[PDB]
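Participant: Take this sequence and fold it.
(chains A, B, C, D, E, F, G, H, I and J, ligands or ions: 2)
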Amino acid sequence: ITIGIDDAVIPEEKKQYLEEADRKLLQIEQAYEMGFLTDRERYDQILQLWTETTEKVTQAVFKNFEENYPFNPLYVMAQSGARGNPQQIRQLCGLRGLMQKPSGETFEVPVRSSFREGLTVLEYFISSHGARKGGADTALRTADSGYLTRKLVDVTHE
Amino acid sequence: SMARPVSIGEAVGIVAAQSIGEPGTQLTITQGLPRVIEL
Amino acid sequence: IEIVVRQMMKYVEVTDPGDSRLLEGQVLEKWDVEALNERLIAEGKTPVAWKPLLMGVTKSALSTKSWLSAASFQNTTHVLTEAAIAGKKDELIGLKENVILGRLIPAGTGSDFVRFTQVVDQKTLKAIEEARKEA
Amino acid sequence: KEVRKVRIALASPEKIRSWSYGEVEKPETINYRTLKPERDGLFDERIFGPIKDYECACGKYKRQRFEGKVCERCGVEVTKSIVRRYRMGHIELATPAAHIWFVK
Amino acid sequence: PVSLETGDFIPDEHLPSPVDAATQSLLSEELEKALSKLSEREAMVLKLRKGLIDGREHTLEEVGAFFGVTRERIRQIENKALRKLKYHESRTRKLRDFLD
Amino acid sequence: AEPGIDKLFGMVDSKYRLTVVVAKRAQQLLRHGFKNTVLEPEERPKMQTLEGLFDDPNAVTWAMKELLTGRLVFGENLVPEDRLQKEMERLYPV
Amino acid sequence: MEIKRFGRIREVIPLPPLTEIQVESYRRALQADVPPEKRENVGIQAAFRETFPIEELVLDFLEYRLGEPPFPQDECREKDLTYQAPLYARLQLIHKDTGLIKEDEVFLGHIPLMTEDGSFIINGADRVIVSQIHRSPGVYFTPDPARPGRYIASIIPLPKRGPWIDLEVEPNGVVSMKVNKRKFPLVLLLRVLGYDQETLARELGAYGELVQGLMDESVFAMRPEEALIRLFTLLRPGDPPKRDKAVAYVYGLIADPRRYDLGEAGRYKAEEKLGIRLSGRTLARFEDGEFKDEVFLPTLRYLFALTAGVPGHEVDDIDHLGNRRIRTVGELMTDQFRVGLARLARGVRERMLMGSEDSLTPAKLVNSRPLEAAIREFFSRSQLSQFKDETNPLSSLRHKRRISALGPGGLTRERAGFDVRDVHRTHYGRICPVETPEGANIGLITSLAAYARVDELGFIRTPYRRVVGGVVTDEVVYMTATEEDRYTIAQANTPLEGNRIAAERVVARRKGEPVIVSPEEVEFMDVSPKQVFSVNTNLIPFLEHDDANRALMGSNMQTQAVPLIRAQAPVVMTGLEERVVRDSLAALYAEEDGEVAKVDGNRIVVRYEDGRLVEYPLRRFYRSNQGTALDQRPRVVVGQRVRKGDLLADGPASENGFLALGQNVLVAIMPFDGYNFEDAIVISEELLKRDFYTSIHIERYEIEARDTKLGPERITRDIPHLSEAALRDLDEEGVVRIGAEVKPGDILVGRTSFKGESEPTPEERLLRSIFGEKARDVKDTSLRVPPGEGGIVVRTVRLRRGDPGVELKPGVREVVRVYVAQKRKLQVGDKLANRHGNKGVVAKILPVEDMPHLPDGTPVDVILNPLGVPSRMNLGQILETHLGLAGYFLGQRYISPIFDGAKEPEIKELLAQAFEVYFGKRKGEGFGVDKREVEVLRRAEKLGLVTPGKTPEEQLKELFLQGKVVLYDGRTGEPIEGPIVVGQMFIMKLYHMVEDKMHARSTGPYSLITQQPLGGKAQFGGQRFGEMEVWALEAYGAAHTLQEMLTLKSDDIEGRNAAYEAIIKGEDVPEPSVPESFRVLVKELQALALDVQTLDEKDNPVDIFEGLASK
Amino acid sequence: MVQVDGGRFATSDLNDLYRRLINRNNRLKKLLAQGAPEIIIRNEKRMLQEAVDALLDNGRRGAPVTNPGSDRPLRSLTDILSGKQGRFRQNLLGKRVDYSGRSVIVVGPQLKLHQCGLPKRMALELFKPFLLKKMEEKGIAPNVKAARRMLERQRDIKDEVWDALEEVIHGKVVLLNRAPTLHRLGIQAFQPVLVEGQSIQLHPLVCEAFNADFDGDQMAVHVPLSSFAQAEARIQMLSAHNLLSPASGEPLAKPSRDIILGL
DNA sequence: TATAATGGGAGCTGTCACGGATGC
DNA sequence: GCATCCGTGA
Ligand SMILES: [Mg+2]
Ligand SMILES: [Zn+2]
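Facilitator: Numbers count the residues shown, from 1 in each chain, chains lettered A, B, ... in the order given. Ligands and ions are numbered 1, 2, ... in the order given. Have a look at this structure:
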């Protein structure tokens, strides 16, 4: 058991799903420019589209792994429960996915790159917001967890 | 922990408090830890 | 969670005093008002009419009978003043009290249930038996 | 006897004086030269007990053959110095002052 | 002076450590063990003279008047007691380690 | 895990009672210098030194094994404390 | 060796000087090189100009000057002094009545000088002033959280420069102003400014319903005088409304430049936002006897305009980097200097009253003490003044580029939520999104970007290349975020033929938002990806292949790298590892062209073109703040011709001018016997054999002999009751000899201190009588080696009293320092990490024969577990390993820039070229494929790694291109059942080491009051058993263990003594007693006049003090 | 009021508070004895109340009294009793304890579930009194004092004392703890196995309970003294004796990572 | 020990929640 | 009956 850069296997289905999502995106933009749907509905439709796309490429990764390379290290570690989960593997092989603004709002454009392909400085910068927000969330969470724990201990101790 | 009837003298309250508390740092479409404290 | 919630429901509020010395709106433990009510109802006196009262863990922990636990939790000044005024006695029921005092906690090997257990070998047991049989 | 209950209650001025081994009349702590405690001060040995075990200030009675004996010279009882963690002093106020705990 | 709260890093030099107290206890016990190798009289002379009893060191006239002998006699038996102590010490080498 | 810990947990109505029993027995063995033991010379717990096998200095192991044998009687109010102490001191001087 | 660099991106500009944020700031603050008459009004000059003239006799300021440092930096470090320069001020005391003028230059004390590298030396210790990010002064408009359709206007000046005025529109309709928690109608203040209903009506009348809310008849009825008195009555209740007092207070609160200062940046921001011009930094003026408005009316107008919905008026983003600025060293120091100067001014004004009103000189009138006290306070006890991190040059370099939101006049950690911690869209090119601490400080402590630089106003700017038409110029423009939002900025990787954009569609940014744009729409373009990330972050190769959370740890841990004796630059670099060694001044270079005259270990002598002979001393084995040895070694030889900027000596943690934070090792990624389980690491003993990861560490010990009332402390070789074996390595003076090996318990410095007077116990009387030996007058206080420490003594420094050039603190006769060094080999428990955030402690060291090895017989070095890779999502280490294998067999290193890298195909190429050398050698040597290689190939083609039917060599090459090789288990000899990734990885030994962290205690020192054990390793303290540990023992139900923790093991005196005695006697431990800290609790409750009684079952009092506290 | 290492003096804030109180009190008594006007007496009494307040609880009412040249509020009795650093939480509900140690954890695969790798020196210091007793039993030292003075210097330590140490710790267990302790399994009992090196070796299966990994985490060792404490640890607190979560009832120590992967 | 002199100066600001008492 | 400040806690 080892890990090479090729052990993260980009499915052939990826490009297909991406192109489909692209033409769908174009259709939505066209539907917007003709004044059929508002900015809100357009944004929501784009987000939903990219979410479903993400699910599709994930399933593509795991199906390709199951059928073609059943002993693939990432696949084995994920399946056995030794390490990793479908989403992280998806980030390694399929797309990184949608990222959110500091305001919680999600960017219309997703990160099409994987960690095996490597990201672009703009994509990396976009992801950094989420990462930072996560770290801050954790740090701020531990304290409240401890305080609550102590409250419970004090009320239940006798 | 022993999968058998609890021994008399076991401190229940502390085990309860700890059992609820320990996963707390893991709590994250979800209300989460603030909801827990709210309750 | 049922344990904690159980500690949350611990208190009740008096709707009517009945024949007791309690006051309307006064808050006290359910156990105490039930003992009081069974003492009054066996005395042939009008029992206390009360109401279930739910308070959060912090208030419930600060409302405990032990003033050592309450003082070691939070609001030390408030707790200690009310306790000193009341001339409260801490019966050392809980764990925190005995921890502060540095005694043996009333749990595990410190539980009165398992604490007084004795151990003896059959030889000594029989010798003592014969000793007590000759008296 | 074994400890069972622990009681807390308000302390009367008479009780506070009953605890006290003497009144501290001076803000002084220790002497700026000898480093020994000042008399009627916060660190005074006449009030709170001896600095050294079974030995008075001036050193007239230096051993345990005298215990409970208060020296006539320095006025320091000869006992275990551990009592300096125990014995209370007091300060008599010219005017009554409210305990802030029962006010604020 | 400077404020202590600026105190948790400051050791207590006054109270004896467990090691020191244990050493003093073993010292007293070993001393009694060595004094048991004398007669009760010549041991009592040393105990009275060095202040192990009553805390005060008694003069030769006081120990002599207590036992009912001459001060020369009490000084002499004190000397022979100390001598037997020195011999027993040279032999067993027990009390050397307490000399620091 | 401690050898035969499950049977030991089976002996008592509460695990803490087991703990109390083992501890008290171990204190008995320590105070009386193991010569009050219910174990036969071949049942004695052994320890490997550079010299060879010696008696296990650990009184708790001894107490647990003794407990496993069934030659120990435990419970509450078996005998007044002073009487037990003095009788044990009579049978096994210190 | 050969260095092959990749990437197509050509940066038009080099990285700016990295320490400039410190150096240029302080330089601008002091103006020491500027002739006094030519000094601009800033910094120290601004402080003097702001404080003076002191009006009351009139004392005025002329000019100041800074002399030369009394001592060099090294000597300051040696003698525990401060590197500083004397500050003199020429003052002329003028009597306006007489006309009398007495002029003199007064000495105001010293000011700390900054070293070349941007740090300070305070009391012998190297320190760094961290820049502080805060909200920029100005006028902001933020949405009122309560009333949605309403807004809050906030006027913010500099910290401690005066109050925050809040303009708000109340529900009743009247406009309210808030100062010092007090709220009053703004109309009154407007009347004080001299405004009339006519002027307000015509000015603000455009916005319909608000002006009527501004209208109050009673206010306009009274003149500005009565309105002023009224306002003073509103602000200052109980204070008699004397007119002069009202004028003084109101002027002092608003118009006073002395008491009230908006930033120069605040001034600019106000002028820009409101669209006005300020005559000064104050909200108003006192002119011709009355008050004249500056700020308030434009802000009120803007507020009403924003509320009305008038186009062109926006709410402000306070997290925007246009609204947030940076206070550098110069500004903080200038602030504290201004405070001290103000206090000195108070002293002066007080001195102008007492004494003789006739004869006075500037010297008599000025007490410098408050100023000295202020500056010293700042450089010593401030939060922004931090102990310098010297661990490696990059440590300090990063430390100087730190940006903190904490400190005086800044956020509390608990005051900081998500918003402050977040990465703003304006952080691009300015504040690194990657490198921030992992913990509570996350987002509060940050790092300056590589190309980022702070302007004169305090805002961070980032460079952008101008694009005119479709052509990209070479001119760069540094922009503030506010200015950045104005244009459309293309990415740095956008395709280029010559200076023209080669793409039909480019990726750009508009207000931070990503957008696809045509080349005609491209106004500017990024300079380089490097500008997005900090220095440490830019040192991580294949950064685009690493998850941000792990890259954070990579950055952070690069700072923790220990300098190694054999330290070498990484085989895969980012190209920044040279410049970093340049800007951090550890490494030595040649000033001009010339020939090296002399080469020694101690020094290097160079003869330049000028003919002048310059001698450079080398720092050898100098102890840094963290104990890591800072030492320079010569990289040149006698007679070698060198140019300008050529390397002379290599600094600590640098190899031939390149940054070396660790070593390149041969790593195999594979699980090994659970020894690498959970991030643990297995290493080869070969590493210890060839001294890889071996580092020198120096510790400094210190002792003082002082004067006592019981007699002097003496440092001597005569120590009571000690043998010669103990005194062996001590010289005649009592100091340990240089070169001796000291272990725990050994004596570094002999010392004797007169015993405290005590009566010997009867036991001691009898003992003394028995052995016939008098008790010595002195006791052994000698400084000894602490447990777990030791080494070879490399230095001794002795400073006595009466000897020339030295004066100690009062009472101290002498001081002795002993410097002890040790050579630390890598060992189990030491922490290793790579640049990608993979960190682990070494859990096993195997012999060479147990190590997995290549078929040619070459064993690996480090064995990493692959389980660390997928969850952590850092793939950069993998690629680094592959290219490291290629570089291993090709005998070469590489430069892969950030985000413009070496990509997969090129690495495949290099790997092929490597395989030719790895295999073709074997085939030429007369060896065919191994049987085990055949089996491994069978399983590999079962895995789908190699195409079936090809020759063994073709399949082995197919594996090699995947970076995988055949590996034989050293124990069995049998191969691993599959091909394993093996290659060269750059791994560092982190500052966290077991030798430092291992601690154990039986019994030891106890605290004074609580009588509980002390804490920390240095004090030989015990481990803290807290509330949570008590909860653990309780939940377990172990009563006696817990009681042992609460009593016998801590704070129970009788209990612990009896326990130790029982254990050493072989007895079982005795029943515990009352904890002393409970007694302390009781007595502390008694001092609060609360009686605490311990009672029995009979409710009868129980005395735990045992009659000692009762009369 | 105590003299520190450097001959300098350090003192508690309670002293300065008491001095304030006494000075204002005495000045009050003198002002009364001299028959001062009602204004002065009023002011003095008010200052006396302010003083008593400052003594008992500082900052409670009005501006907190600070030492000259400092913004740091003095520490009153209330500030000593309450708070996270207060007497109760800091010194009562928890304490720093003797017979304890700390070090960096490393994974022993070879350990049985009930075992932990314990560095020689650590155990030598932790079990030190027992070691003194054993050394006095055997011929290593004349007595306890000699043995301790022998162990004081590291170069005076021979090879027999290690064997004696092995005799000492046999059958006994130690408690390993990792912060934060989030449940009762944050502390567990293990049979110590003396190992060369400065690192504590921890069994893999318990890593999930402590939430411990090998990236540089550290643990603390505690040595239960009495036969009672030792019985508690060996029975109730032993690692092999708790295999299931007290929370969910599910298995706590179970195959993970490498183990699962291999199987 | 004797000209006469007669109300003080810093605050300092991006936390969250419920328990009071006020008191709008 | 409901808005208005303050006090204590990590
Ligand atoms: Mg960890
Ligand atoms: Zn006396």
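Participant: going forward, measure contacts and count neighbours with C-alpha atoms only.
Facilitator: Noted.
Participant: State the distance from the closest residue to DNA strand I within chain H to residue H:63.
Facilitator: With CA to the nearest atom of the strand as the measure, residue H:71 is the residue of chain H nearest to DNA strand I, at 7.9 Å. According to CA to CA, to the nearest Å, residue H:71 and residue H:63 sit 11 Å apart.
Participant: ditto for residue D:92
Facilitator: Relative to residue H:63, residue D:92 is positioned 25 Å away (CA to CA).
Participant: what do you get for residue H:233?
Facilitator: Residue H:233 is 52 Å from residue H:63, by CA to CA.
Participant: Same question for residue H:222.
Facilitator: Separation of residue H:222 from residue H:63 (CA to CA): 45 Å.
Participant: and those two? which has more neighbours close in?
Facilitator: Per other CA atoms under 10 Å in any protein chain shown, whichever of residue H:222 and residue H:63 has more neighbours is residue H:222, with 27 against 11.
Participant: The nearest residue to the more buried one once chain neighbours are set aside - how many residues pack around it?
Facilitator: In this structure, residue H:222 finds its nearest non-sequential neighbour in residue H:100, 4.5 Å apart by CA to CA, 6 or more residues apart in numbering or on different chains. Neighbourhood size, residue H:100 [other CA under 10 Å]: 30.
Participant: OK, contacts around residue H:100?
Facilitator: Applying CA atoms under 8 Å, 6 or more residues apart in numbering or on different chains, we find residue H:100 in contact with G:1000, G:1001, G:1002, G:1022, G:1023, H:126, H:220, H:221, H:222, H:223.
Participant: So what sits opposite it in the bridge?
Facilitator: Residues in a beta bridge with residue H:100, per DSSP bridges, are residue G:1001, residue H:222.
Participant: The residue nearest to the spatial centre of chain B sits in which helix or strand?
Facilitator: What sits nearest the mean C-alpha location of chain B, by CA atoms, centre = their mean, is residue B:20, with 1.6 Å. For residue B:20, the host element (DSSP states H and E) is helix B:12-21.
Participant: packing partners for that helix?
Facilitator: Judged by 3 or more CA pairs under 8 Å, 6 or more residues apart in numbering or on different chains; DSSP states H and E, the packing partners of helix B:12-21 are helix A:121-156, helix C:2-8, helix G:1027-1036.
Participant: can I have it written out in PDB, keeping just the CAs?
Facilitator: Extracted C-alpha coordinates of helix B:12-21, given in PDB (Å, rounded to 0.1, in the frame of the first residue of the first chain):
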ATOM      1  CA  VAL B  12     -23.900   8.600  36.900                       C
ATOM      2  CA  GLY B  13     -24.100  12.300  36.600                       C
ATOM      3  CA  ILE B  14     -20.400  12.800  35.800                       C
ATOM      4  CA  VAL B  15     -20.500  10.000  33.100                       C
ATOM      5  CA  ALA B  16     -23.600  11.600  31.700                       C
ATOM      6  CA  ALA B  17     -22.100  15.100  31.600                       C
ATOM      7  CA  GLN B  18     -18.900  13.800  30.000                       C
ATOM      8  CA  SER B  19     -20.800  11.700  27.500                       C
ATOM      9  CA  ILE B  20     -22.700  14.700  26.300                       C
ATOM     10  CA  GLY B  21     -19.700  17.000  26.500                       C
END
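Participant: Is any residue of that helix near DNA strand J?
Facilitator: No. Helix B:12-21 is not in contact with DNA strand J by CA under 7 Å from any atom of the strand; minimum separation 14.2 Å.
Participant: who's in contact with that helix?
Facilitator: Counting by CA under 8 Å, 6+ apart, A:145-146, A:148-149, A:152-153, A:156-158, C:1, C:3-4, G:1031, G:1034-1035, H:182-184, H:246-247 sit against helix B:12-21.
Participant: same question, stretch H:89-99
Facilitator: With contacts defined as CA under 8 Å, 6+ apart, stretch H:89-99 is touched by C:72, C:96, C:99-100, G:1000-1004, G:1010, G:1012-1015, G:1022-1027, G:1029-1030, G:1045-1046, G:1049-1050, G:1077-1078, H:82-84, H:126-127, H:222-223.
Participant: With stretch G:576-589 instead?
Facilitator: For stretch G:576-589, contacts defined as CA under 8 Å, 6+ apart pick out G:17-19, G:116-117, G:393-394, G:396-397, G:538-539, G:569, G:632, G:645-652, G:654, G:657-659.
Participant: Stretch E:45-59 too?
Facilitator: D:63-65, E:60, E:63, E:74, E:77-78, E:81-82, G:762-763, G:765-766.
Participant: Could you rerun that using 7 Å?
Facilitator: For stretch E:45-59, the surrounding residues in contact (CA atoms under 7 Å, 6 or more residues apart in numbering or on different chains) are D:63, D:64, D:65, E:63, E:78, G:762, G:763, G:765, G:766.
Participant: And stretch H:30-37, by the same measure?
Facilitator: Contacts of stretch H:30-37 (CA under 7 Å, 6+ apart): residue H:41.
Participant: and that stretch, how far apart are its ends?
Facilitator: OK, stretch H:30-37 end separation, CA to CA: 13 Å.
Participant: got the buried residues for it?
Facilitator: residue H:32 (16 or more other CA atoms under 10 Å in any protein chain shown).
Participant: is it up against DNA strand I anywhere?
Facilitator: No. Taking CA under 7 Å from any atom of the strand as the criterion, stretch H:30-37 and DNA strand I are apart, separated by no less than 14.5 Å.
Participant: Distance from that stretch to the middle of the chain?
Facilitator: Chain-centre distance of stretch H:30-37: 54 Å, with CA atoms, centre = their mean, to the nearest Å.
Participant: can you give me the helices in chain H?
Facilitator: Here chain H has its helices, by DSSP state H, at H:13-33, H:38-56, H:77-81, H:120-126, H:128-137, H:144-152, H:160-169, H:207-210, H:227-235, H:258-262.
Participant: Can you add distance to residue F:38 and give these back as TSV?
Facilitator: Putting the helices of chain H into TSV (distance: least, CA to CA, whole Å) gives the following:
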stretch	distance to residue F:38
helix H:13-33	61
helix H:38-56	63
helix H:77-81	53
helix H:120-126	33
helix H:128-137	26
helix H:144-152	33
helix H:160-169	24
helix H:207-210	39
helix H:227-235	19
helix H:258-262	44
